[PDB]
């Protein structure tokens, strides 16, 4: 209950899927062309059984200029531009890309994948063979659960590009209006009646970010999977609005324990769906809350779990 960074250690039994950042670190070592080929290969195979939802109209508008620029290049330049993004080179295209929210980056690559499939953007060279390190990285990806596979792909996409500056322009999709109160569903969690946890889940499912933020302490933090804590209400609300629209949280069961100084620690396990895949991918998730004596959220961590065997009382 003293520091955010120490609260990171609550429920230390929780086995997170650290194969995801492990695999991203291996991927990040590869030659840029192998990075692009590997993801092409993974994307094609995954597409046999899983369809990515179309990017939103606003997103496509925001990425349109950069996409047109690439589409106007000769093939060799197209390949160079894509390598620049993978290498995190400092170029105007790489700076534009870095200014974008994850969803806008994902929609940019969704479009390039379609154009590559159609032959209008320089494809991976015919009969391309991956490097020794890259073939093993793809094998690991293809052995993971779908929820882990899609998190590896997202993390590879978000990592590309070049950030120059701390307070650079941030471009994101418009904020959706919250769900009308009448049509809202309420979660049920075995073992857990805590109103702060239930209101957390219900407000996020409703895209009601202004209500959700009011659950947190001023200095409180949210830790997304495999990322550092996002600290304080302005940064946490920014993150909700830019990155947390249209999720479906399906918590199942939890446990409630005392912590030092009248705090309470609560662990919930269940599933989450991203709007990119709807009901076809359910990620196995734990939430770890540290609530102050008044019930506000001092810390919440969201973990991608190593296997369904990490869900409480499988």
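Residue numbers count along the first chain shown, from 1.
- Residue-level annotation: residue 166 lacks coordinates in a third or more of the other entries compared, counting only those that model residues on either side of it.
- Looking at 147 to 155 and 161 to 169 together, the entry lists the larger mean B-factor for 161 to 169, computed on C-alpha atoms.
- Look at the C-alpha B-factors of 95 to 103 and of 72 to 80. On average they run higher in 72 to 80.
- Residue set 142, 133, 179, 235: peak C-alpha B-factor at 179 (per PDB entry).
- Each of 205, 217, 87, 118 has a CA temperature factor in the record; the biggest one is found at 118.
- Per-chain ranking of the deposited C-alpha B factor places residue 128 in the highest third.
- When all modelled residues of the chain are sorted by CA temperature factor, residue 285 is found within the lowest third.
- Per the PDB record, residue ranking by Cα B-factor puts residue 188 in the highest third of the chain.
- Ranked by Cα temperature factor within the chain, residue 270 sits in the lowest third according to the deposited record.
- Split the chain's modelled residues into thirds by C-alpha temperature factor. Residue 43 is in the middle one.
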